[PDB]
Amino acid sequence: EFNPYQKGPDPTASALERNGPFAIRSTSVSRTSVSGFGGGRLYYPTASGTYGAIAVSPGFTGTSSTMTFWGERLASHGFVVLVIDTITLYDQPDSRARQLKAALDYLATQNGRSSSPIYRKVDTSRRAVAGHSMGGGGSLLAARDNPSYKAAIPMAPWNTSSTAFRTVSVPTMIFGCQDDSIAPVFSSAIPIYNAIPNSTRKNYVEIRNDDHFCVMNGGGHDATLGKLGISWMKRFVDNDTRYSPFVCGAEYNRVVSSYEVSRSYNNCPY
C-alpha cells in the first residue's frame, strides 16, 4: 500500500499519449567509452530522485536513432532509459541480451560517478528491457537470464524459438504489428506470448494494418504504444498499480477494442 517508487500524478489517457510531466535531457554514450555494448543514447529526468533503469535494443542492422521515441516518451514519464547501439549491426538475440544486461550494468556504475548526468538518478534494483525484432527476442532472453528484472517489452520479436521463453518469470508486454512480413505475428510474436508461463503477468497488443516497423520512430502509433509502454513500466518497474486500468481495465479495453488494434491477449487482472 505504501509505494516508495510512486512518481508523477494519477495517470489520464491523454497524459500517457504524449511526452510526460518530467523534464528530460539526453546525452550520447560513445562506443569507445563502454565495452559490453556499442554505446547509445541516454535519456533521464532532470528532477532529483532515483528512477527505474530501462535498456532498449534495436533489431538486426538497427541503430539507437530508430527508437529515440522510446527514450524520450519513457524518460519523460519518470525513467532513466538507455537506447543501445550493438557491438555490430549483425549481433544475434543472445548477444543483444548480453548487451542489454551490460547497458543496465553501465547505468548502475554511472549512478555512482559524480561526473555523470545520471549521478544518483538510477535505482539499481529496478531494471527493465525492451527491443525491436531480434532486440525484442534479446530483451526476453535478458529477462529470462536476469529474473530480478522488473519488466520486458519485446516489440515485433523475430524467430528466437518460443521454447526458449517457457521459464520467463518477468512481467512481459509484447507488441505485434499485424501485417509484419519480416516477423509474422502468427508464427513469431504470438507463440512467444503463449510460451510464457501463465503465472507471469503478460500482455499482447497487436497493431492492425501496419508492418514490422509499426513500433519504431514514425510508426504512426506513438499515442497508443507509448501509453501501453509507459503503463507496463510504471506498473512493474515502479510497482505503481495506478497504471492497472491502462493494461487490464477500462483504458486498456478502450485501446484493445479500438480499430487501431487487431489482437489482444493477457492473464488480467493485475
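A residue's number is simply how far along the shown sequence it sits, counting from 1.
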item	value
Greater mean Cα temperature factor according to the PDB record, 34 to 42 or 236 to 244	34 to 42
94 to 102 set against 126 to 134, stretch whose average Cα temperature factor tops the other in the entry	94 to 102
Selection from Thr66, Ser57, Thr50, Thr27 [criterion: highest C-alpha temperature factor in the record]	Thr27
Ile174, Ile87, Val170, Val80, ranked by C-alpha B-factor: the highest one	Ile87
Cα B factor band for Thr61 (lowest, middle or highest third within the chain)	highest
Ranked against its chain, the third holding the CA B-factor of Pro154	lowest
Entry-reported Cα temperature factor of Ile196, expressed as the chain third it lands in	highest
For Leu74, the third of its chain into which the C-alpha B factor falls	lowest
